[PDB]
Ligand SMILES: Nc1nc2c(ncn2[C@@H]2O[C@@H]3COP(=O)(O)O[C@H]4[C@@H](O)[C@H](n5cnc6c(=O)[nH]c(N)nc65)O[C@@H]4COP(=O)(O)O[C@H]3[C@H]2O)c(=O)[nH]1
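What follows is one chain in structure tokens, specifically the form solved without the ligand.
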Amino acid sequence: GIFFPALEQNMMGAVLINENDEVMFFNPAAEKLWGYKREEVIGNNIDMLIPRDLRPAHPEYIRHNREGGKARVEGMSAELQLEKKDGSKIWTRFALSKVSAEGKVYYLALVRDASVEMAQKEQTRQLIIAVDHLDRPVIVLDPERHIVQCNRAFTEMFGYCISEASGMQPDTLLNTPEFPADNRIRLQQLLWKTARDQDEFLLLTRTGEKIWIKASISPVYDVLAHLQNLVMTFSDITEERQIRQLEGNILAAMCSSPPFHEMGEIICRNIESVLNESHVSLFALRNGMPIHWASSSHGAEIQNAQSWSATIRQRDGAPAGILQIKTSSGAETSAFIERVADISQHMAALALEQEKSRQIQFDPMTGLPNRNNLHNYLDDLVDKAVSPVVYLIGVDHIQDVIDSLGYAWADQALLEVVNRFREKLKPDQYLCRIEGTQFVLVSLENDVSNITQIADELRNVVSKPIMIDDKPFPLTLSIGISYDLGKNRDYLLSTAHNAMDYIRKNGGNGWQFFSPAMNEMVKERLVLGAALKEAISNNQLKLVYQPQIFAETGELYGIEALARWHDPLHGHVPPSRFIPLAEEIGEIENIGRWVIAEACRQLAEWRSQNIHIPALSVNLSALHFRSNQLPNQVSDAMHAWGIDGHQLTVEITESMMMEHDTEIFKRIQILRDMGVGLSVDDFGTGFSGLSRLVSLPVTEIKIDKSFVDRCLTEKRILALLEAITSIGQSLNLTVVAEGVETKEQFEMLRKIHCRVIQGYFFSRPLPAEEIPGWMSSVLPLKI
């Protein structure tokens, strides 16, 4: 029987009904839930307890129950509304039990006051407000830094729904692009920071888009100070970071007060970097009226263009300029555009303040002179009637340095550039710094060949990357050359800058003159060089041989081999012309090895009929023979053909003997070790040079055409020739002469006991043929 007293003692409401729905038990909890009294809750069936409207449904329901046959009731499992005795309606929960005994079915109902519905509804309200009219990504974290609750804005922005965002840390949840250092490590630092903190990151959503966000941690502790949870805000600063980077770049601009138009340029390209595919224009108040300050390089039409005009205002509020922007409709949000407009307007006003706040003779950066020194120097050149060739050099691709590293490294790059220019500067060449990027190089040599060489040297001096702290920014040069006779300095500077700008705009990395005719003359020289390269490539050049003979018996001493080139398109062109051109092309080694190889082959070819050919001499000084060529360039020819090695001789000048390094000295020594005779020009530089001469057996000294010339006119050179022949006779050397054309020359030269003679007197240079004819016909010309 204890069920009744226990149930009425229990604070859970209990109602008991029989098969006829008559009530037997109704606990005081049910009494206070309904308001009726047990003397009346019986009544007729269950009429009093049920709300009057739902009444008719209830019998059929329980009828269905006694027809259902199920041992469990799925009904009343949800929340329910109960009408009280006074007609008020409250929330409640029900539970049901069906029993069978004595052939009759009874039911018991348990009732609860439902104090949890207040919690459910309050939770629904704050679930509404966490999302509604607030696109504010907020997430919350456990002590283990696990996502516990995230709102609609966060799922919408970062694509990861709550089902796919829970149970894992935010960083592991987050797809992160590879900085690779910062945007990875600082995320972990912030996510594990214990105190309030914040940072900025670049992140990738589930759609692969790049965004910039700002993440803030602020933890919360319970009463006992243990860490309960953490809360994180996820503002999207991808538009704001553009504004902040705009600010940083523009400040790095005015840090050094560049010129006015330049300042407009930084403003404009920063705006363009901020507003994609737009147009920007600026005007400033000069003399009281608006005048154009700067504009963007873009000038194409804009579809659905929207224009905003902002009047620049100073601190006092007086107008100072107008900034105008045109943007396509739908490209950017309006609020972002207006924000950019006003912040840039403020910075333009500040730039104007700096400009009118700003408003000796050498450079305090690298030490080069400033524009005043160049002006004075050119003026001192002009008054005494000398034409200076003026190169204007503009350094290019510095904008990468300025944008990526500010000015404090652009000027370091400029210093490195100036060091490289000075390292190869020649004296009388004047280097000056005009302003910022530009330089002016002044040189008095008006030769086109030298000008081309200087320009090429400058262009290629910047070939190596400019190494600045493990960051090779490549830089280029744009050179404008001006040279005209009898023109003052302003014209030269103006045309130099015009040429520099022309090269820069068309792409840079190059050079150009101003005068058009000789700017085509350089092209024609390049054409000649192309023809010469073709000729040397397909071995068309020839070697004309000129004989030199003894002055006593007339027996053949030897014959020099001289390069010659006759072209169908260009005709005869002398070696004195196409050797300097060759070194301009820098292909002298080709001519050298071809000349050597062809001479060896020709000696072999002559050997098949007559071996009596005494000696063949190649003048390597006039051929501008380099240093490293000698060993291989002689050894390959020696071994390739049937030439012995004691028949062909090589000539070297004194400057090339022991100057411009000394590796060439032993490179000639090894060639002597091969056994090829040598020939020296001056043998000077004192007793050391003489020691080298005797130690390197030369066996023959040549007298240049000039000394033999005027030999019958100037007494000093006469005595010099006596000295030379006396020294030669003393040692084991045979002295040769060049440029002999008359009879008195030969007479006096033989009078001084000069051994052998060459020139036009005996034989005009015969071509590759009719040398055996000359040798068989008139070889013993006992004159």
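One-based numbering along the sequence shown.
Per the record, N304 and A305 are directly connected, with no deposited-sequence residue omitted between them.
The same protein has a further form, the form deposited with the ligand bound, not shown here; the description that follows concerns it.
When the ligand is superposed onto this form from its pose in the entry with it bound, three or more of its atoms come within 2.4 Å of a backbone or C-beta atom, and the site is therefore classed as blocked. In the entry with it bound, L749 stays away from the ligand, with no heavy atom inside 4.5 Å. The shortest heavy atom separation between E700 and the ligand in the entry with it bound exceeds 4.5 Å. In the entry with it bound, at least one heavy atom of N619 sits within 4.5 Å of the ligand.
Though the partner is left out of this view, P575 does reach within 4.5 Å of the ligand in the entry with it bound, counting heavy atoms only.
Segments offered: 559 to 567, 655 to 663, 496 to 504, 223 to 231. Contacting the ligand in the entry with it bound at heavy atom distances within 4.5 Å is 559 to 567. When you look in the entry with it bound, the only residue of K705, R601, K487, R525 with a non-hydrogen atom within 4.5 Å of the ligand is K705.
This chain lacks the partner; the member of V595, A551, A320, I139 within 4.5 angstroms of the ligand in the entry with it bound by a non-hydrogen atom is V595. Within 4.5 angstroms of the ligand in the entry with it bound, the stretch 461 to 485 places no non-hydrogen atom at all.
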